[PDB]
Amino acid sequence: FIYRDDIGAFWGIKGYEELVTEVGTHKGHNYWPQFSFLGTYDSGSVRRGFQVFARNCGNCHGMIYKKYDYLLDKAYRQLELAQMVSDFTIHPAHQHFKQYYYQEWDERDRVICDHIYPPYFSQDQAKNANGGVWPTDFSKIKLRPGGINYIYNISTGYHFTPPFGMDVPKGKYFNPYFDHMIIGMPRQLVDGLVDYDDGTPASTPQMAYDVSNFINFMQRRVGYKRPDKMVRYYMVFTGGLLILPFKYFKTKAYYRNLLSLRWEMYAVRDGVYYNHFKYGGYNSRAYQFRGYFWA
Amino acid sequence: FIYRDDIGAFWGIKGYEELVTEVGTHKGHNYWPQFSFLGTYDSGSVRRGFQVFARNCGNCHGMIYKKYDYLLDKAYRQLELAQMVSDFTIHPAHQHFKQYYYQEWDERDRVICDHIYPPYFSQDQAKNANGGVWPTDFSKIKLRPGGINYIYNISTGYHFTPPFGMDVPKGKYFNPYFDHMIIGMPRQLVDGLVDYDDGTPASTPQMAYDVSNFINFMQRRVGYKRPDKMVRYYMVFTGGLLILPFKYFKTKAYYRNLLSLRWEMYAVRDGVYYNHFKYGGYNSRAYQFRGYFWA
Amino acid sequence: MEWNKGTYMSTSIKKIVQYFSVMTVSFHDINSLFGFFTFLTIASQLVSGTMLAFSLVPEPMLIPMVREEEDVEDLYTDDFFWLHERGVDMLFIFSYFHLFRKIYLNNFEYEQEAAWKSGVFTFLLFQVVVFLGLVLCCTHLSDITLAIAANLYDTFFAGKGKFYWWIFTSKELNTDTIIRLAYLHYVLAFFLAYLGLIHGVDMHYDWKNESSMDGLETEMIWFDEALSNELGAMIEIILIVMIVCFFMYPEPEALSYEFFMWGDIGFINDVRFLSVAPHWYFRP
Amino acid sequence: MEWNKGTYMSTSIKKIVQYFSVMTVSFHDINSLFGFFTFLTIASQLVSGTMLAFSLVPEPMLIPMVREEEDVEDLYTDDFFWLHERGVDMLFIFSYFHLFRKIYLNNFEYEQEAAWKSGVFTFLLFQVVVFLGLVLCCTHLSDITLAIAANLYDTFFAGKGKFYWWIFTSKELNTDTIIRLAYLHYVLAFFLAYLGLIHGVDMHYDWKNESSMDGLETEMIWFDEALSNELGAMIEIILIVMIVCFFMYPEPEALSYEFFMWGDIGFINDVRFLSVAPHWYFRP
Amino acid sequence: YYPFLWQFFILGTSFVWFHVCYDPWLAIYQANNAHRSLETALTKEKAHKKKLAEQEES
Amino acid sequence: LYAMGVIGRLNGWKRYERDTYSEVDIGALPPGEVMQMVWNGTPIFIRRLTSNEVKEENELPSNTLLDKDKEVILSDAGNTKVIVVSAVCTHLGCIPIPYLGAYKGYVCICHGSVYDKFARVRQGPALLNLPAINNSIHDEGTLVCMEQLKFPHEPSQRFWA
Ligand SMILES: CCCCCCCCCCCCCCCCCC(=O)OC[C@H](COP(=O)([O-])OCC(O)COP(=O)([O-])OC[C@@H](COC(=O)CCCCCCCCCCCCCCCCC)OC(=O)CCCCCCCCCCCCCCCCC)OC(=O)CCCCCCCCCCCCCCCCC
Ligand SMILES: CCCCCCCCCCCCCCCCCC(=O)OC[C@H](COP(=O)([O-])OCC[N+](C)(C)C)OC(=O)CCCCCCCCCCCCCCCCC
Ligand SMILES: CCCCCCCCCCCCCCCCCC(=O)OC[C@H](COP(=O)([O-])OCC[N+](C)(C)C)OC(=O)CCCCCCCCCCCCCCCCC
Ligand SMILES: CCCCCCCCCCCCCCCCCC(=O)OC[C@H](COP(=O)([O-])OCC[N+](C)(C)C)OC(=O)CCCCCCCCCCCCCCCCC
Ligand SMILES: COC1=C(OC)C(=O)C(C/C=C(\C)CC/C=C(\C)CC/C=C(/C)CC/C=C(/C)CC/C=C(/C)CC/C=C(\C)CC/C=C(\C)CCC=C(C)C)=C(C)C1=O
Ligand SMILES: COC1=C(OC)C(=O)C(C/C=C(\C)CC/C=C(\C)CC/C=C(/C)CC/C=C(\C)CC/C=C(/C)CC/C=C(\C)CC/C=C(\C)CCC=C(C)C)=C(C)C1=O
Ligand code: HEC
Ligand code: HEC
Ligand code: HEM
Ligand code: HEM
Ligand code: HEM
Ligand code: HEM
Ligand code: FES
C-alpha cells in the first residue's frame with residue numbers, strides 16, 4: 001500500500017531500476033505547453049522540431065507508423081511541407097507494403113503522404129550501419145520513462161561520467177537516462193547545429209526541446225489530440241455538475257414524494273374466514289421446487 | 001435454347017468474337033495427360049516446362065501468387081530446386097508485402113520459398129521495358145479461352161498473316177489467338193532455344209507443350225490438385241451408387257411394408273350421440289383466426 | 001405492441017427437442033423434399049463458410065495471394081472453397097425448385113400464409129447474403145456487382161447526397177467496404193439458419209405431399225424414417241447433378257462465364273467490358 | 001431431455017417487451033445498482049467494439065500501423081478505442097463491486113441460486129472475452145498473455161500432442177491465431193449480452209437492495225422511475241471516476257504499466273522481461 | 001398539450017445544454033492559447049526572412 | 001470425411017520441412033577453445049575437450065547434477081572430443097557467458113545459472129540444461145554437420161500418383 005521512494009521504482013512500478021526516470025515528472029517539473037491546464041502545442045516549437053528532425057536525427061531514425069501530413073494545420077502548410085519533404089528520397093524497398101500502388105522502380109522525392117522512413121531499407125541495414133545497434137523507431141516512443149521528457153533527457157544527459165565498476169565498451173557512451181546507462185548513440189545535438197527558419201538561437205537545449213515537442217506531437221494518445229480531448233472532458237464534467245440537481249429532483253425527491261403515504265388498519269371481525277390466505281399463493285419458480293424440495 | 005456455331009461464340013457465350021477460342025477444345029482435341037480419364041501430370045513434362053520458363057520466360061513474365069516450392073513432390077526435389085533457383089536474384093523492392101521478415105537491403109539469391117517475381121520491380125517497369133505493354137502474370141492465367149491450350153496456341157500460332165484491313169503497328173505482331181489478333185510479344189520459341197537436362201529434343205512445339213504443362217501445374221482448381229480430386233469424385237460417385245439399394249430398402253420398401261394395413265368399418269347403432277365431432281377439435285393457429293376471420 | 005398476439009411455437013431448446021422428437025411426416029415423394037435439401041445445404045455453408053472465415057484477410061490487396069498460398073500450404077482450404085462455391089449453386093437450384101413446386105400446388109391459401117411468407121422472407125435474405133459473398137472474391141465480377149448494387153441503392157435518393165457511403169465507401173472495393181461486407185455476410189449467413197428454422201416450424205401446419213388430399217392418418221416418425229429418406233434423396237440428387245455436370249462441364253472448355261473472374265482488383269485496372277457475365281443465378 | 005423441466009422466462013420479443021413495460025422495482029440505493037452499470041457498460045462495449053472491428057485488419061503486421069494511421073485519417077476512431085478500453089476498466093470495476101455487494105448480503109440462499117449462478121457464469125464468460133481482446137492488441141503484453149494462456153491450456157494435457165493448435169497455433173500470435181481469436185472475441189462479446197439478459201430476468205425473482213426485509217409493498221415502475229435513477233447514478237459514479245483519474249494520474253507520468261505495451265509483435269523481437277505487467281484486472 | 005411540440009421543447013433544452021457546456025470552455029481555451037497558433041510562428045519566420053534578406057551580400 | 005476435412009482445416013498442415021542443414025569447419029580449432037557460430041539465426045558454442053578436462057568436469061557430486069535425467073552427448077571425433085551446444089539461458093533466453101573462473105563452463109549474469117562444460121544445470125533457477133543441438137561428425141573431426149531434429153509430420157504424401 002505504501003511504496004518506498006528510494007528503491008528506484010516510482011509509485012511501486014518495479015523495473016526500470018537501472019534508469020533515471022523520475023526527472024522532470026516526479027523530481028522536478030519540466031514545463032511542456034501541451035500538458036498544462038488548457039494548454040496546447042506551441043506551433044513554432046513543433047515546426048522547429050520537425051526542422052531539426054529532418055536536418056538531423058532523420059538519418060538514423062524514423063516513424064514508420066506516422067506520415068508527414070500530420071503537420072498540415074499546426075506546424076506546416078501543405079505547400080511548405082511538400083517543399084520541405086521533397087528534399088528526401090524513398091526507394092520502393094522502403095515501403096512496408098507496396099500493394100501495387102507504389103509502381104516506382106527507382107528513388108523519387110518524398111511526398112507529404114509518405115510514411116517517415118529512415119534512409120535505410122530495413123532494420124537490419126540500420127543496425128549494421130550503426131555498429132550493430134538499431135536506432136529505435138520513434139513512432140509509439142511515448143511509452144518510455146518520463147514520457148515526453150524521455151527524448152529531452154537522453155539528448156542532453158551526456159555530461160556525467162561513469163562510476164567505479166562500470167565499463168563503457170568502445171563505441172558505447174555513458175548516459176544515465178538510458179537502460180543500464182550505456183547507449184550506442186553518440187551525442188548529436190551541438191550548439192549551432194541547425195539554423196532555424198525563424199532565427200531562434202540554436203542551442204542544444206532548445207533543439208532538444210523542439211525535438212521532444214515534435215516527437216510528442218506525432219503520437220496518438222498523448223500527441224496532437226490530447227489537448228482538445230482534455231477540453232472535451234472539462235466540458236462534459238461541467239455538464240454533469242450542472243445536471244446533478246435535475247437528477248436529484250427526478251429521482252430522490254420524487255421517491256420521497258411517492259413515500260408520503262398514509263396507512264390505516266382496522267379490525268374486521270365479520271364472519272368471513274381468511275380462507276384465501278390459507279389456500280392461495282403462486283410461485284413463479286414452483287416448477288423448480290416441485291418434486292425436488294420439502295417432500 | 002438452341003445456339004449457333006457460325007457466330008463465333010462457343011455454346012452461346014458471347015464476347016470472344018475477335019480471337020480463336022475453339023482451336024484445341026471444341027473443334028480440336030489436343031491430348032493432355034492431366035485431363036485424360038485417370039490421368040496424371042507427367043513429371044518430365046512439368047520439369048521441362050519449368051526449365052523453359054526459367055530460361056526464356058520469367059525474364060518477362062512471373063507468378064506473383066505462386067512460388068517455386070510448388071514443384072517439390074512432382075517435378076523437382078528440394079536440393080535440385082534450390083540449385084536451379086539460386087541463379088536468380090530478388091531485390092527488396094520486389095516483395096509485394098515486404099513486412100519485417102525480409103530484412104535485406106540489396107540483391108540476394110532466390111530460395112524455393114520466394115514468390116515467382118519477374119526481373120522488374122513492378123508492372124510499370126515491365127511496361128517501360130516492353131514497349132508500353134505489360135507481360136501478363138501467368139498466375140491465374142487458366143481463365144483464358146481453351147484453358148491450358150491457350151498458352152500452347154499463342155506460343156505456336158505465329159505463322160499466319162494478317163488479312164486486308166488489319167494493320168499491325170511497329171512493335172506489334174499478328175497472332176490469331178490473342179485478343180484482336182495483335183500481340184506485343186515477339187515469337188519467343190525457336191528450335192534449339194533451350195537445351196533440356198534430360199536430352200529431350202528442343203523444338204518449338206515441344207517447348208510450348210512443356211511450358212503449357214508447367215503453367216497449368218501451378219493453378220489452384222486445375223493443375224497439381226485436379227487429378228486427385230477427380231479420382232475422389234469417382235470414388236464418391238461409386239459410394240453413392242452402392243448406397244442407393246440400401247436407401248431403397250430403408251425407405252421405400254419400408255414405407256410399403258408400413259402401408260400393409262387392414263381396415264374395417266362397422267355399423268355402430270348404439271344410442272350414444274357423436275358429441276365429440278359436434279363439440280371438439282383444436283387448431284394451433286386459432287389465435288391467428290380469433291377476432292379476424294369469419295365474423 | 002398489443003397488435004402482436006405472440007408466436008406460433010416457442011423456440012426454447014427443450015420445446016424444439018420435444019417437437020422434433022415427436023414430429024410425424026406423412027408419406028411423401030422426392031419432389032416434396034426440396035425444402036429439406038435447401039436447409040441441409042445451408043447447414044454445410046455455415047460450416048464450410050466458417051472454415052473460409054479463418055482463411056480470408058479482408059484486405060483487398062491480400063485476398064487473392066492469401067487464397068492462393070492457403071490452397072497449397074493449408075489442406076482442405078481449397079476443398080472447402082469449392083464446397084462453398086458449389087453449395088451456393090445447389091442452394092439456388094433447390095430453392096427455386098422448391099418455389100416452383102409450391103407454386104404448382106396453389107399454396108397461396110390463407111392457411112398457407114404463415115408457411116409461405118415465412119419461407120419467402122428467408123429466400124429474400126438468402127439473396128442478400130449471396131450478393132455479399134460475391135463482393136468478397138475481389139475479382140472484376142465483384143467490382144461490377146458492387147457498382148451495380150451501389151447504383152441501384154443510390155437510385156432511391158435520386159443521386160443526391162452520399163447515403164451509400166456507410167457501406168459502399170466510394171462505390172469501390174477497399175479495406176472498409178470489404179471488411180464491412182464480409183462481417184455482414186457472416187452475420188446474415190448465420191441469421192439465415194434461424195430464419196429457416198422458423199420457416200420449417202411454421203410450414204408444418206399444412207404440409208402435404210400433393211394437392212389431392214389422401215385420407216391417410218398414419219404417418220412416419222421424422223427422426224429416422226423421414227430423415228433417412230431425405231438424406232438418401234439428397235444423395236440421389238447430388239449423384240444426378242454430378243452426372244449432369246460431367247457431360248455439360250468438361251474441365252478444358254473453349255469458353256466459360258468464369259473467365260471474366262480473371263481480373264483481380266488493384267492488380268489489373270483494365271476491365272474487359274466486352275465479356276461481362278455474372279454467375280448463372282444472378283444472370284436473369 | 002426429461003430432466004430439464006423448462007425455462008423461467010421465454011425470451012420472446014412480445015413477452016420481453018411486456019415484462020419490461022410492466023416491471024416494478026422496489027426503492028433502492030446506489031449500492032444495489034452496479035448490475036445496471038455493468039449492463040450499460042456492456043452495451044457501450046458492444047457498440048464501440050463493433051465500430052473498432054471495421055478498422056482492425058486481423059493481420060498481426062498491419063494492426064499497429066492500421067491503428068496509428070486510422071486515428072488521424074478517420075475521426076472518432078481513437079475516441080472509440082479509448083471508450084472501449086475505459087469501458088473494459090469500468091466493466092471490471094462494476095462487476096467486482098457487484099460481486100462484493102452480493103457476497104455481503106449473503107445471497108447464497110437456495111432462492112438466490114438461479115439468480116446467483118446465472119450471474120457468475122456471465123462473469124466467467126466476461127473473463128474469456130477480455131482475454132481474447134488483449135490478444136488483438138498485438139503488443140508484447142498480448143504476446144505474454146497468449147503464451148501464458150497457451151501454457152495453461154497445455155498443462156491439462158501434460159504437454160502431449162499439441163492439443164492447443166486449433167486456437168493457439170504455435171502458441172504465437174500470427175494471422176491464423178489473430179483471425180480466430182478476433183472472431184471468437186466478437187461472437188462471445190455479443191453472447192455476453194444474451195447471458196446478461198438471462199441473468200437479469202432470473203435475478204428479479206427475489207431482488208433486495210438491503211438484507212433487511214422492508215415491509216413496503218409499493219414499487220417503482222422500471223421504465224422511467226427506476227431507469228432515470230440508474231442513469232443518474234451511472235453519471236455520478238462516472239464523475240467520481242473522472243475526478244479520481246484526473247488527480248491520481250498526472251498528464252505526463254514516469255514508470256507507468258503501459259510501458260510494456262511499447263513492443264509490437266513482429267517489429268520488435270527482443271522482449272524486456274524485467275518489466276512485465278498486465279492490466280490491473282489481470283494483475284491479481 | 002401537443003406531444004410533438006413538447007418533444008421539440010425537449011430538443012431545445014438539449015441544445016441549450018450543449019451550447020452552455022460548449023461555448024464557455026472553447027472560448028476560454030482558444031483565448032488562453034492565442035500566442036501558440038501557427039500564425040504567430042509564420043509571422044516570426046516572415047519577419048526573420050525579411051531581416052535576413054535585406055542584410056546580406058551579393 | 002466431412003469431420004476430417006473440418007479438423008484438418010483447423011490443424012494446419014506442414015507439407016515439407018525447410019532445409020536447415022549446415023556444415024562448420026572445426027578441425028583447425030586449437031584444443032580447449034570455444035567458438036561461437038550462428039545456426040538457424042541462433043548462437044551456438046562448439047568446444048574441443050581433451051582427456052584431462054574430462055577428469056575435472058565429470059568429477060563432481062551427483063547431487064549437484066541438477067536434472068540428472070538429462071543426457072550429455074560427446075562427439076568423440078578425431079583426437080579430442082567435440083561438443084556442440086546451444087548458447088541460451090533456458091530461464092529467460094539470454095546468452096550465457098562463455099567463461100567463468102569457478103568453472104570452465106557457462107554461467108548466466110541474470111540469475112547465476114551456472115553451467116559446467118557439459119551444460120549441466122548448476123545453482124540455477126532454470127528448469128533445464130542448455131538445449132542440445134542435433135549434429136554429427138563425419139570428416140574425422142574436421143567438419144561438423146548440423147541439422148534440426150526431424151519430427152514426423154503426416155500425411156506426408158502430397159500426390160497419390
Ligand atoms: C432501409 C431503411 C429501413 C428503415 C429504417 C428506419 C427504422 C425506423 C424504426 C421505427 C421504430 C418505431 C418504434 C415505435 C415506438 C417508439 C416509442 C413511441 O411510442 O414513441 C412515442 C413517443 C411520444 O412521445 P411521449 O409522449 O413523450 O412518450 C415518450 C415515451 O417514449 C413513451 O413511452 P411510454 O412511457 O408510453 O412507454 C414505453 C414502453 C414502456 O417501456 C418499455 O417497456 C421499454 C421497452 C422495454 C424492452 C426493451 C429495452 C430497451 C429499450 C428500447 C431500446 C432503446 C434503444 C434503441 C437503440 C437502437 C440502436 C441505436 O411502452 C411501450 O411503448 C411498449 C412498446 C415499446 C416499443 C416496442 C414495440 C413497438 C416497436 C417495435 C415492434 C417490432 C418489434 C421490434 C423488432 C422489429 C424488427 C423489424 O415519441 C417520442 O417521444 C419520440 C421521441 C424521438 C426524439 C428523441 C430521441 C431522438 C434521438 C436522439 C439521439 C441522436 C439521434 C437523433 C435522431 C436521428 C434520426 C433518427
Ligand atoms: C430496424 C431498425 C430499428 C430502429 C429502431 C430505433 C427507434 C426509432 C424510433 C425512435 C422514437 C421515435 C418515435 C416516433 C413516433 C412513432 C409512432 C409510431 O409510428 O408508433 C408505432 C407503434 C408504436 O407502438 P405501439 O402501438 O405498441 O404503442 C403503444 C403506445 N405507447 C407507445 C405509448 C405505449 O408501433 C409500430 O407500429 C412499430 C413499427 C416498427 C416498424 C419497424 C420497421 C423496421 C424496418 C427495418 C428494415 C426491414 C428490412 C426487411 C428485409 C428486407 C430484405 C430485402
Ligand atoms: C454515460 C453513461 C451514463 C449516462 C448515459 C446518458 C443517457 C443515455 C441515454 C439517454 C436516453 C434518453 C433519456 C431517456 C429517459 C427516459 C424517458 C422516458 O421515460 O420517456 C418519457 C419522456 C417524455 O415523457 P414525459 O411524460 O416525461 O413528458 C412528455 C409527456 N407530455 C407530452 C404529456 C408532457 O420521453 C422523452 O422525452 C424522450 C423519449 C425518447 C425515447 C426513449 C428511449 C431513448 C433511447 C435513446 C436512443 C433513441 C434513438 C431514437 C432514434 C432512432 C435511432 C436508431
Ligand atoms: C455422390 C454421393 C453423395 C454422398 C454419398 C454418401 C454415402 C457414402 C458411402 C461411403 C463412401 C466411401 C468412400 C468415400 C471416399 C472419399 C474420398 C477418400 O477416401 O478420400 C479421403 C481423403 C484422405 O485421403 P488420404 O488420407 O488417402 O490422403 C490423400 C490426400 N490427398 C487427397 C490430399 C492427396 O480425405 C478427404 O479428402 C476428405 C474430404 C475433403 C475435405 C472435406 C471437404 C469435402 C468436399 C466434398 C468432397 C466430395 C465431393 C463429392 C460429394 C460432394 C458433397 C455431396
Ligand atoms: C418441421 O419440418 C422440418 C423438417 O422436416 C421436413 C426438417 O427436415 C427440418 C430440417 C432439419 C435440419 C436441418 C436438422 C438436421 C441437422 C443436421 C443434419 C446437422 C446437425 C446434426 C447434428 C447431429 C448436430 C450435433 C451437434 C453436436 C454439438 C454433437 C456432435 C456430434 C457427436 C456425435 C458427438 C457427441 C459427443 C460429444 C460432444 C462428447 C465427446 C467428448 C467426450 C465424451 C469427452 C468428454 C471429456 C473430456 C475430458 C473432454 C426442419 C428444420 C423442419 O422444420
Ligand atoms: C473454434 O473456432 C471458431 C472460431 O474461432 C476460434 C470462431 O470465431 C467461431 C465463430 C465465428 C465466426 C464464424 C465468424 C463470425 C464473425 C463475426 C460475427 C464478426 C462480425 C460481427 C459483427 C457485429 C459485424 C457487424 C457488421 C456490420 C454492422 C456491417 C454493416 C454492413 C452493411 C452492408 C449493412 C447494410 C446492408 C444490409 C443489412 C443488407 C440488406 C440489403 C441491401 C442493403 C441491398 C443493397 C443492394 C441493392 C441493390 C439495393 C466458430 C464457430 C469457431 O468454431
Ligand atoms: C545516427 C548517428 C543517429 C542519429 C543522427 C540520432 N540517433 Fe538516436 N540512436 C541511434 C542509435 C544507434 C541508438 C541505439 C542506442 C542503443 O544503445 O540501443 C539510438 C537511440 C536513441 C534513443 C533511445 C531509444 C530507445 O529505445 O531507448 C533515443 C531517445 C534517441 N536515440 C533520440 C535521438 C534524438 C533526439 C536525436 C536527434 C533529434 C537522435 N536520436 C539522432 C542513432 C542515432
Ligand atoms: C520479353 C521479350 C518476353 C518474353 C521472354 C516472353 N514474353 Fe510473353 N509477353 C510479353 C509481352 C510484352 C506480352 C504482352 C503482349 C500484349 O499485347 O499484351 C506478353 C504476353 C504473353 C501472353 C498473352 C498474355 C495475355 O494476357 O493474353 C502469353 C500467353 C505469353 N506472353 C506467353 C509467353 C511464353 C510461354 C513465354 C516463354 C516461351 C513468353 N511469353 C516469353 C513479353 C515476353
Ligand atoms: C432458404 C430458403 C428455403 C428453405 C431453407 C426452405 C425450407 C423448407 C423446408 C425444410 C420445408 C419442409 C420440407 C419440404 O419442403 O417438404 C419447407 C416447406 C415449405 N416451404 Fe420452404 N424453404 C425455403 C424457401 C421457400 C420459398 C421460396 C417458399 C415459397 C415461395 C417456401 C414455402 C414453403 C411451403 C409452402 C412449404 C410447405 C408448406 C405447405 O405445404 O403448406 N419456402 N421449406
Ligand atoms: C447460406 C449461407 C451462405 C451463402 C449463401 C454464402 C454465399 C457465398 C458466395 C456466393 C460466395 C462467393 C461465390 C464465389 O466465390 O463464386 C461466398 C464466399 C465466401 N463465403 Fe459464404 N455464404 C454463406 C455462408 C458463409 C459463412 C457463414 C461464412 C463465414 C462464417 C462465409 C464465408 C465466406 C468467405 C470468406 C467467402 C470468400 C472466400 C474467398 O474469397 O476465398 N460464408 N459465400
Ligand atoms: C463486453 C464486451 C467486450 C469486452 C469485455 C471486450 C474486451 C476487450 C479488451 C479487454 C480489449 C483490449 C483492450 C486493451 O488491451 O487495452 C479489446 C479489444 C478489442 N475489441 Fe473487444 N470487448 C468486447 C466487445 C467487443 C466487440 C463486440 C467487438 C466487435 C464487434 C470488439 C472488438 C475489439 C477489437 C477490434 C479490439 C482491438 C482494437 C485495437 O486493437 O485497436 N470487442 N476488447
Ligand atoms: C457482467 C456481469 C453481470 C451483469 C451484467 C449483471 C447484471 C445484473 C443486474 C442488472 C442486476 C440487477 C441490479 C442489481 O441487482 O444491482 C443483477 C443482480 C444480481 N446479480 Fe448480477 N450481474 C453480473 C454479474 C454478477 C455476479 C458476478 C454475481 C455473483 C457472483 C451476480 C449475482 C447477482 C444477484 C444474486 C443479483 C440479485 C441480487 C438480489 O437479489 O438482491 N451477478 N445483476
Ligand atoms: S535470464 Fe539468463 S538466467 Fe534468468
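A note on names: the letters A, B, ... follow the listed sequences, proteins ahead of strands, and every chain is numbered from 1. Note that ligands are numbered from 1 as they come in the structure, with each ligand's atoms numbered from 1 the same way.
When heavy-atom distances to ligand 8 are checked against a 4.0 Å cut-off, B:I141 has no atom that comes that close, whether in backbone or side chain. By the criterion of a heavy-atom distance under 4.0 Å, the side chain of B:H61, and not its backbone, is placed next to ligand 8. With a 4.0 Å cut-off on non-hydrogen atoms, C:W222 touches ligand 5 through its side chain and not its backbone.
C:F36 CE1, 4.6 Å is the protein heavy atom nearest to atom 12 (C) of ligand 5. Looking from atom 17 (C) of ligand 5 to the surrounding protein, the closest heavy atom is C:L40 CD1, 4.7 Å. For atom 29 (C) of ligand 8, the closest heavy atom belonging to the protein is B:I151 CD1, 3.5 Å. Nearest non-hydrogen protein atom to atom 19 (C) of ligand 5 is C:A43 CB, 4.8 Å. Of the protein's heavy atoms, B:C60 SG, 1.8 Å lies nearest to atom 1 (C) of ligand 8. Among protein heavy atoms, the minimum distance from atom 6 (C) of ligand 5 is reached at C:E230 OE2, 3.3 Å. When hydrogens are left out, the protein atom nearest atom 43 (C) of ligand 6 is C:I167 CD1, 4.6 Å; that is the closest non-hydrogen contact. Summary of contacts: the protein heavy atom closest to atom 1 (C) of ligand 6 is D:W166 CZ3, 3.4 Å. Annotation: atom 17 (C) of ligand 6 to nearest protein heavy atom, D:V187 CG2, 4.4 Å. Looking only at protein heavy atoms, the nearest one to atom 40 (C) of ligand 6 is C:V128 CG1, 3.6 Å. Regarding atom 45 (C) of ligand 6, its nearest protein heavy-atom neighbour is C:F168 CZ, 4.3 Å.
Polar contact check, B:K172 against ligand 8: no nitrogen or oxygen pair lies under 3.5 Å apart. Here's the thing with B:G184: one of its N/O atoms is less than 3.5 angstrom from an N/O atom of ligand 8. Inclusion of B:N130 in the set of residues having an N or O under 3.5 Å from an N or O of ligand 8 is not warranted. Of the N or O atoms in D:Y186, none lie within a sub-3.5 Å distance of an N or O in ligand 6. Between B:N56 and ligand 8, not a single N/O pair is under 3.5 Å apart. Between C:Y19 and ligand 5, no N or O atom pair is found at a separation short of 3.5 Å. On a distance-only criterion, B:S155 and ligand 8 share no N/O pair closer than 3.5 Å. For ligand 6, the polar-atom distance check finds an N/O of D:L184 within less than 3.5 Å of one of the ligand's N/O atoms.
For the residue pair B:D210/B:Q206, the side-chain donor-acceptor check at 3.5 Å is satisfied. There is a side-chain donor-acceptor pair under 3.5 Å between C:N174 and C:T169.
For ligand 8, the atoms sitting less than 4.0 Å from at least one non-hydrogen atom of B:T136 are 24 (C), 25 (C), 26 (O), numbered in the order shown with element in parentheses. Residue C:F39 approaches ligand 5 through these ligand atoms, each under 4.0 Å from one of its heavy atoms: 10 (C), 13 (C), 51 (C). In summary, the atoms of ligand 6 found under 4.0 Å from a heavy atom of C:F190, numbered by their order in the structure, are 13 (C). With ligand atoms numbered from 1 in the order given, ligand 6 contributes 29 (C) to contacts under 4.0 Å with heavy atoms of C:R180. Counting the atoms of ligand 5 from 1 in the order shown, those under 4.0 Å from a heavy atom of C:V201 are 53 (O). Of all the atoms in ligand 5, the ones that sit under 4.0 Å from a non-hydrogen atom of C:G200 are 1 (C), 2 (O), 53 (O). Applying the 4.0 Å criterion to heavy atoms of B:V211 picks out, from ligand 8, the atoms 35 (C). Each of the atoms 1 (C), 2 (O) of ligand 5 lies under 4.0 Å from some heavy atom of C:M23. Atoms of ligand 5 found under 4.0 Å from any heavy atom of C:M203 (numbered from 1 in listed order, with element): 1 (C), 2 (O), 3 (C).
Aromatic rings of C:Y153 and C:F157 (six-membered ring for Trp) have centroids within the 6.0 Å cut-off, being under it.
Distance check on atom 28 (C) of ligand 5: every protein heavy atom falls at or beyond the 4.0 Å cut-off. Within 4.0 Å of atom 51 (C) of ligand 5, at least one protein heavy atom is present. There is a protein heavy atom less than 4.0 angstrom from atom 3 (C) of ligand 5. Within the 4.0 Å cut-off (strictly below), no protein heavy atom is located near atom 15 (C) of ligand 5. Note that atom 40 (C) of ligand 5 has no protein non-hydrogen atoms nearby, at separations under 4.0 angstrom. Distances from atom 36 (C) of ligand 5 to the protein include no heavy-atom value under 4.0 Å.
Residue B:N59 places no heavy atom under 4.0 Å from ligand 8. Ligand 8 lies out of reach of B:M207, whose nearest heavy atom is not under 4.0 Å from it.
Comparing heavy-atom distances from atom 28 (C) of ligand 6 across C:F191, C:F156, C:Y183, D:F54 singles out D:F54 as nearest. The closest non-hydrogen atom to atom 23 (C) of ligand 8, taken over B:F178, B:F138, B:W134, B:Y173, comes from B:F178.
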**Asked** side-chain contact (heavy atoms from CB on, under 4.5 Å) between F:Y2 and C:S44: does it pass, once the steps are laid out?
**Response** CA-CA 10 Å; F:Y2 212 107; C:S44 69; 3.4 Å; yes
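Among the atoms of B:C57, no N, O or S atom is found under 2.8 Å from atom 8 (Fe) of ligand 8.
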